[PDB]
Each structure stands twice: as structure tokens, then as C-alpha cells.
Amino acid sequence: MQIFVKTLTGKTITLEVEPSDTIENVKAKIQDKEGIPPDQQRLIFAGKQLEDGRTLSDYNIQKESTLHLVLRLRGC
Amino acid sequence: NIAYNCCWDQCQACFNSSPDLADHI
């Protein structure tokens, strides 16, 4: 199923995943298809901090949904 | 766990979970 990731750079990035896929898998998919490493990826949904190990279904993710990837840099 | 019975026209869908109910609706 399709998910949409509307980025801060104005880009619309689409992924072909399953609801059973984890957030880590979606981040890895973005890594393969764009080069954005999964750790730097922060996908936000429903005002909730999405965790890698959790799946798309836990955050109530449907087909054609809209996630937002924020460059979350470890450490500061 | 209350099954969320869908009050949609002729759509008798009662799901105890929010994501499943939303998907069915």
C-alpha cells in the first residue's frame, strides 16, 4: 500500500509498504530510494513521536496517508 | 473493549479497535 511523505523541502515522496511494516522499514526504504539514512529520519503522525520498532498500524496509518520526514540529528 | 459499531448507512461494522474501525469505514 502507498504512503505519502510530504517533506519540508516541498518534495512529495511516496513509498510502497504494508501496514505491518515498521517505521524503521519505512525509514530504510527512504534510505534506499533517496539516500536519507533511517536514523536522521523523523516521521511524525497524529502529534505522536513515532518510534522505529513500532509498525504503521500502531500509529493508525492508512493507504495514501501523509507522513512528514524531519531531519532529526542525534546530539546537539 | 467496545466494538465500534459503524453508524453509516447500512454499514453495520463493529470493530473493537480504532484503526480497524477506521479502515473498515
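Structural remarks
- Share of Cα-Cα pairs in chain A lying beyond 14 Å, as whole percent: 56 percent
- Fewest-first ranking of B:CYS6, A:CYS76, B:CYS11, using other Cβ atoms within 10 Å as the exposure measure: A:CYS76, B:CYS11, B:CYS6
- Note on A:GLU24, A:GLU51: ascending count of other Cβ atoms within 10 Å places them as A:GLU51, A:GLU24, the fewest first.
- Helix-only CD estimate at 222 nm, as mean residue ellipticity for chain A, using -39500 (n - 2.57) per DSSP H run (n ≥ 4): -5000 deg cm²/dmol
- In this label model, B:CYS7 and A:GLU64 are separated by 2.6 nm, measuring between points 7 Å along each Cα→Cβ vector.
- Label sites at A:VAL17 and A:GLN49, each approximated as a point 7 angstrom past Cα along Cα to Cβ, lie 1.9 nm apart.
- Label-zone membership for the stretch A:1-37, site A:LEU71, 7 angstrom Cα→C-beta point, backbone N under 14 Å: A:7-11, A:35-37
- Using Cβ point charges alone (K and R +1, D and E -1), the dipole size of the protein assembly as shown about the Cα centre works out to roughly 500 debye.
- Residue order, fewest to most surrounding Cβ atoms within 10 angstrom, among A:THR9, A:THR55, A:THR14: A:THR9, A:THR14, A:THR55
- Under 20 Å from the Cα of A:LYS33 - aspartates and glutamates, other chains or at least 8 residues apart: A:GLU16, A:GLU18, A:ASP21, A:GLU24, A:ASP52, A:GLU64
Each value in this text was obtained by applying a stated rule to the coordinates, not by laboratory testing. Note that we place each Cβ from the backbone using ideal geometry, even for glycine, and neighbour counts take in every protein chain shown.
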